[PDB]
Amino acid sequence: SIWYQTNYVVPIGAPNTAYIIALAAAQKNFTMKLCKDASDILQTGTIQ
Amino acid sequence: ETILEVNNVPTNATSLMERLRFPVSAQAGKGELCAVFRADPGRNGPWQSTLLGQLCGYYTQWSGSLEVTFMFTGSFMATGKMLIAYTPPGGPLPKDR
Amino acid sequence: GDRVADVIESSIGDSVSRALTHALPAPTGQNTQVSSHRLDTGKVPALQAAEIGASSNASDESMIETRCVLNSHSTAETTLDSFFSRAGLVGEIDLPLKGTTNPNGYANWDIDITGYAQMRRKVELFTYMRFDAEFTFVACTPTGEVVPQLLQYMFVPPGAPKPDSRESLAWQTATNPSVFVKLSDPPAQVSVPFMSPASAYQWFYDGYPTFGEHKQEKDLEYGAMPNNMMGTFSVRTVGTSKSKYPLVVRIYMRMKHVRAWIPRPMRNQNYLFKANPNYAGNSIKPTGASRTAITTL
Amino acid sequence: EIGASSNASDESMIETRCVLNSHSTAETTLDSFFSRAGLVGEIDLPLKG
Amino acid sequence: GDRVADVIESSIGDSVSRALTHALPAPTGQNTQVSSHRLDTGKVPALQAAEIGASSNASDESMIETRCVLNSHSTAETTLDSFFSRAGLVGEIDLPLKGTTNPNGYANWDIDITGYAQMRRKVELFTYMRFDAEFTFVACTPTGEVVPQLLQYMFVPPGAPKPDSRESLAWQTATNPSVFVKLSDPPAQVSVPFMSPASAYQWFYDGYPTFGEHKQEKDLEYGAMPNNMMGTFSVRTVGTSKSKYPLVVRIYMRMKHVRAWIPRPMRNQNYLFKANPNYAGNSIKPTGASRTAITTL
Amino acid sequence: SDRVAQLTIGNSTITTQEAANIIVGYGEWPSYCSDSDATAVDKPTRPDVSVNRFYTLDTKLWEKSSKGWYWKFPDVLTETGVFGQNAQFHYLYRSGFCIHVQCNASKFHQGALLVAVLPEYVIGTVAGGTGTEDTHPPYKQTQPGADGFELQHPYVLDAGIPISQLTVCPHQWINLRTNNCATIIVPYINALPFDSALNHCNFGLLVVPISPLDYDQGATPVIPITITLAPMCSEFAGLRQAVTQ
Amino acid sequence: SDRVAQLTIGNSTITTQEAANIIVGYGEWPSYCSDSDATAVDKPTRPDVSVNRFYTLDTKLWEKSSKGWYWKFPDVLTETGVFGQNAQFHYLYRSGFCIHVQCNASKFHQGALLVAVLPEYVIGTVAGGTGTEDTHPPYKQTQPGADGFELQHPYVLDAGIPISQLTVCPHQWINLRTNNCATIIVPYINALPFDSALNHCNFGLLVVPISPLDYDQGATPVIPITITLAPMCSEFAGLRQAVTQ
Ligand SMILES: Nc1ncnc2c1ncn2[C@@H]1O[C@H](COP(=O)(O)O)[C@@H](O)[C@H]1O
Ligand SMILES: Nc1ncnc2c1ncn2[C@@H]1O[C@H](COP(=O)(O)O)[C@@H](O)[C@H]1O
Ligand SMILES: CCCCCCCCCCCCC/C=C\[C@H](O)[C@H](N)CO
Ligand SMILES: CCCCCCCCCCCCC/C=C\[C@H](O)[C@H](N)CO
Ligand SMILES: [Cl-]
Ligand SMILES: [K+]
Ligand SMILES: [K+]
Ligand SMILES: [K+]
Ligand code: NA
Ligand code: NA
């Protein structure tokens, strides 16, 4: 969860709204196991 | 790192790009909530936009720490302090800061 | 750095589990030593105090005059692998033609071995078990007949798409493991590793899988251990048209490389439901046979 | 903006304990991921077709 | 024993207070060194950042061209003992004949030195103080006259019976310390040790002496520190009949062997009550003199 | 010299002059989790004395007709003292326990209680009596808290297993002519290094009369059974707000 | 490299890119109580990470007319998290604190806050205005809890002493053109080795605007001041039931 600790403050002349972009990844202690098929199958009918 | 669609709400083709970023703006100083999302990387939701989430889908089990890096794209003259929290299992969605 | 004495001298953090007992090799039954009469005060092997919680330490030698016996009787058949590494039935799957259940030519079986009492009672002697397994699939028609029919078995782990028809795209099986075999071939057989996210499977879990209020409607979740839920076993006749024959697939499991912990009382009432110890309250029977009087055979 | 992923680790963001991680990375090798047979073609040979 | 690493490597329990500063001997004011012109980039002694919380580190030498001055001015008179070891008035006790207050020939004074502003303002410069003291008792009639009268002063610690009359059995003083002296004698004088149950007396205690609800009626107890309550000072004319003369006893205290901690802002509003910092809200005055304009003297 | 004992831990001490030794479950003492068995990365909190101490939680009355009772651990303590608070504020918990069940009478009373610890004590229901209804026990029966719960069918431990074999678990007996208490030390038992104190009960404590209480008219008829227990080597991790369930 | 900082303790991390160094009160770091200074004999509990962490307790709005506020320690925390629980269950407590006051604006706003720590901050009353009435401040003014309390007469700190000399106490300034936070580390200050977290506040935290907030119409007018603090080296003793006062 993300909260305002203080406030977004800006002087006269600058936009009152701005955006944040989030980038995610795994740390070096991350591993996966038990190989399986993905939940999605990207085709509806036969692919021609 | 790949882009996490925290803002996974718009669905019309013309607004899909808006899912890639979320906003902040001047508030009332009441420690207001900006956004929330589950941290489960292989669950439906924001993480599906990430390569990690997709690769995760080919494995039944996973283990490890995750990291989310937030980049502020407002103007140079904008300042602010945000509190980002991670609530371990069992804790319901925090009602306040 | 630590400077106050109570901190220096504390045992907070000792990770070594102090053990009061240790295993000894015992490949054969113990021998008997010669003994003679003992007419003594102070020494009293026969007298015990069961309240302590331990079993009697009295032996043959101290209760009667014994001879010497060199016992070479082996203890090998009572090892966990000896007791458990024997294939038993753990699942039956029907694939009928004209049917109420699976008339569509495929079937999904949630992997749970608690549907058959012989196997179940044996594994429930322990609380936690860790092992590898060999699965064998015996297929035939309901009369025990063998027909020239090709089948596909697929292992679908939690999260993989379960097939919903004989023609599901999921049968492409690009990542899940599948076995293609004919009914005319010998039974298919494969090895399976220990797959739980936990260090062991546990036949008993006194708890709930999630947090929250545990209201009457979510009471069916008491005892549900996702760590034991390995997925689904799917089978289908391999074709775009319905099979000409009704089939039955019987699944046998043989455990190997077994480890077990925390023995418990063995089931003495009939089982009623899978993974749940409910018993019929109106038909509570004694554990064994009964007689008319305690002074009569 | 630099183009690199964050270099921050658990140890520097919270007080951590020592954990000896023996979890294997073997199943995520290319051969592990790809050396599994999957369907790539279907060919029909009908009679009346 | 400790085995998990976080326990071994933890600093829980470090009793050594890591100190960033240390005292240096400074018996005289610092000297001035010769300096010359500096025409440099990068070096900027004059510029500071008060926000940090520290005082400026700039010195005479770096702001102007200075000569050498050997400063032998002593710093001895500004030590705590120099500042505090001077007797000041801390109590006055009246023993009138025909009176409203003490017409019975004895008086009890609760030891509290906050009744006189000169002494009080000085000790309140610090939060905690530890010291020994020399008490001097100056007695005479209200006109400053000396009469041939004998008095008894008794120190009554908390818990000892306070006298309730000139003839109280408590004046037997078998254990408490008493001083018998004539008004004609020089002032009585004694040494007193540091008596608090705490390591120091504290002129400020932000708290309550007891647990419970702190309702309006028990708000007079906010700030009451029993650790500062040393008892009662009792005085009586030594006789079974009323004295022929009205008396006044003035109590002077001279601290010695002083230690003090935590300096604080000095009182700038008149005192109103003993051991309580109340001030008159309607008469809040500036700390000092004022003028008509900032550009005029 | 085996009949007499003192158990001191934290700011609490227990004495007994009619003991029957002490049982250490499965032959091993409680210990903290090793750096190799652990998996969670945050530094744990080990409150020590404030939580590893004796808590006296409940008293039951032994009657000539009592069926027996059970308690679940750590459930019995989740709402008590500093231990409870820690169990509520943290996702992860782990600890051992020293259990001391008390019951004294007179040299003229008689009876024997079986005191045992059963790991993963899953409760079953009577399935609608006929065994056709797949019912489940309610939260108050699975996690009864400090009050414990009375057994409906002791012979099958309300779980379809024979109480006659419960002695395969760590246990002691309180046989009135012999002793007035049972003491059992239990290490942390689970297939995971840490777990939730709220969602999972690691074991159950059973106190069941096997030889009924008896005495002649005129002898004190109120014979209480009191339960005292102490967590040992408590560790907590995964801190957030307090949660009761 | 003095303007940038990271404070990490427990499971909490604070960052700032406009700092002004760090003040360590009276030149010394918090430490645990030594075996020679101690007097109580029970073994203390030192919860560590579960209580020595950053807690964000309150946000005030800085207005062009604000007078200033104060908070009392450890009062602000007695009802929060695992620290609060420990403070309630134990008679004795002791700890240091890391205080981090936050306030950012823009390069076009201006103003300066004085952030200081005053030990034994005894509050006085205006004595009925005339100074003839010996009144006392109510519990809610002496121990205001997390909300803090607004100064009635900042010039005399509501205690008859000059705020002009408050800089003789550990302090920093938040001067908007320079920094956006103040960080002060405070050791345990008292004339006793341990004391009650409930009956005695060891010091007060004052945040007072000395140069008023100002900006032109159109610039963000809501300028919050947030208070975050972390106990350090917390120790508790004298365990019994929980008490709130
Ligand atoms: N519980 C047991 N079961 C079978 N054989 C045993 C057992 N304990 C000891 N032995 C055998 O007896 C010998 C040890 O006798 P002792 O030194 O008196 O314990 C060994 O060589 C073992 O083969
Ligand atoms: N704060 C001070 N007040 C008075 N004299 C000082 C002070 N600090 C240093 N000195 C004197 O200056 C000498 C040390 O100079 P320095 O080594 O540059 O600190 C000593 O011999 C002291 O007598
Ligand atoms: C190609 C087909 C392969 C078939 C794959 C079989 C995988 C079976 C894994 C063994 C799992 C052991 C049993 C685990 C749990 C119990 O049955 C119940 N869930 C207990 O609740
Ligand atoms: C034979 C007579 C001897 C007289 C004995 C005098 C003992 C005086 C002890 C010095 C005490 C120092 C002052 C202590 C506290 C303050 O006055 C106030 N209580 C502050 O609230
Ligand atoms: Cl997930
Ligand atoms: K043998
Ligand atoms: K490793
Ligand atoms: K000098
Ligand atoms: Na014996
Ligand atoms: Na400078």
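Chains as they are written, first to last, in the deposited numbering: chain A, 195 to 242; chain B, 50 to 146; chain C, 1 to 297; chain D, 51 to 99; chain E, 1 to 297; chain F, 10 to 254; chain G, 10 to 254. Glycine included, C-beta positions come from ideal geometry on N, C-alpha and C.
Would you mind working out which of the options sits nearest residue i, comparing C-alpha positions?
i: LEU69(B); options: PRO90(B), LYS79(B), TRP96(B); result: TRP96(B)
i: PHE233(C); options: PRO177(C), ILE262(C), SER168(C); result: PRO177(C)
i: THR32(E); options: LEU24(E), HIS73(E), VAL7(E); result: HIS73(E)
i: residue 300(E); options: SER283(E), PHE273(E), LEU297(E); result: Beyond the ends of chain E as shown, which are 1 and 297, falls residue 300(E); an answer cannot be given.
i: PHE180(E); options: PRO193(E), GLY231(E), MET230(E), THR237(E); result: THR237(E)
i: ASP2(C); options: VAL16(E), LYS256(E), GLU65(E); result: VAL16(E)
i: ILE23(F); options: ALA136(F), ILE31(F), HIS109(F); result: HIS109(F)
i: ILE183(G); options: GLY227(G), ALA29(G), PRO83(G), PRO146(G); result: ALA29(G)
i: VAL50(F); options: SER56(D), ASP60(D), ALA54(D), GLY53(D); result: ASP60(D)
Output yes or no for whether 8 Å exceeds the beta carbon distance between residue i and residue j.
i: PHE106(G); j: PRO233(G); result: no
i: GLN189(C); j: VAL165(F); result: no
i: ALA19(E); j: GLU142(G); result: no
i: residue 3(G); j: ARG186(G); result: Examination of residue 3(G) is not possible in this model, given that chain G is present from 10 through 254 alone.
i: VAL258(C); j: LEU150(C); result: no
i: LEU127(G); j: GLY213(G); result: yes
i: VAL138(E); j: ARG254(E); result: no
i: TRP78(F); j: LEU222(F); result: no
i: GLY90(G); j: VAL58(G); result: no
i: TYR197(G); j: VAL4(C); result: no
i: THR173(E); j: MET154(E); result: yes
i: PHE117(F); j: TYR224(F); result: yes
i: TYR208(C); j: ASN208(F); result: yes
i: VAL90(D); j: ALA47(F); result: no
i: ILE193(G); j: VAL124(G); result: yes
i: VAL60(G); j: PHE92(G); result: yes
Hey, how far is the Cα of residue i from the Cα of residue j?
i: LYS182(E); j: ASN227(E); result: 33 Å
i: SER243(F); j: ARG103(F); result: 6 Å
i: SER36(E); j: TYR205(E); result: 52 Å
i: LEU142(B); j: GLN174(F); result: 46 Å
i: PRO25(C); j: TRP261(C); result: 19 Å
i: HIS180(F); j: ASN189(F); result: 14 Å
Please list, in chain order, the chain D residues whose beta carbon lies closer than 9 Å to that of residue i.
i: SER112(B); result: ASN71, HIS73
i: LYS230(A); result: Those do not exist, as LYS230(A) stays about 10 Å from chain D at its closest Cβ, beyond 9 Å.
i: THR118(B); result: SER55, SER56, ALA58
i: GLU50(B); result: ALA54, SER55, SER56
Since residue i meets chain B, which of its residues come closer than 9 Å, beta carbon to beta carbon?
i: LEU236(A); result: The premise fails here: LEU236(A) is roughly 12 Å from chain B at the closest Cβ pair, so nothing lies under 9 Å.
Check the Cβ of residue i against every Cβ in chain E and list those closer than 7 Å, keeping chain order.
i: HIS145(G); result: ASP219, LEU220, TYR222
Under 8 Å Cβ-Cβ, which residues of chain C neighbour residue i?
i: residue 279(F); result: Coverage of chain F is limited to positions 10 through 254, which leaves residue 279(F) absent and any answer about it impossible.
What residues from chain C crowd round residue i, counting only those whose CB sits closer than 9 Å?
i: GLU129(F); result: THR127, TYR128, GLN202, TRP203, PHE204, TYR205, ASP206, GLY207, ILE262, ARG264
i: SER11(E); result: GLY1, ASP2
i: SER43(G); result: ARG3, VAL4
Could you work out which residues of chain G lie near residue i, taking near to mean beta carbons separated by less than 8 Å?
i: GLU65(D); result: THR17, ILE18, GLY19, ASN20, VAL58
By the criterion of Cβ-Cβ separation under 8 Å, what are the contact partners of residue i in chain B?
i: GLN111(G); result: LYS130
Original post:
In chain order, what residues place their C-beta within less than 7 Å of a heavy atom belonging to ligand 6?
Top reply: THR28(C), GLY29(C), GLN30(C), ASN31(C), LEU70(C), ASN71(C), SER72(C)
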